[PDB]
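Worksheet for the structure shown next.
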Amino acid sequence: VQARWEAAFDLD
């Protein structure tokens, strides 16, 4: 997704 972002997804 983006991670380090709105929350975190697949990189988190």
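Identifiers for the structure tokens are assigned positionally: chains receive A, B, ... in sequence, residues are indexed from 1 per chain, and ligands are indexed from 1 in the order shown.
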Fill in: Surrounding residues of residue 11 in chain A excluding itself and chain neighbours under 3 positions, 8 Å, only C-alpha atoms, as an MDAnalysis selection string
chainID A and resid 1:4 8
Just write the chosen residues, C-alpha atoms, as a PDB file, in the first residue's frame.
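Saved as result_17.pdb:
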ATOM      1  CA  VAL A   1       0.000   0.000   0.000  1.00  0.00           C
ATOM      2  CA  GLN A   2       2.145   2.831   1.341  1.00  0.00           C
ATOM      3  CA  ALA A   3       2.860   1.882   4.945  1.00  0.00           C
ATOM      4  CA  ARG A   4       4.727   4.359   7.133  1.00  0.00           C
ATOM      5  CA  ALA A   8       0.266   0.631   7.685  1.00  0.00           C
TER       6      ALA A   8
END
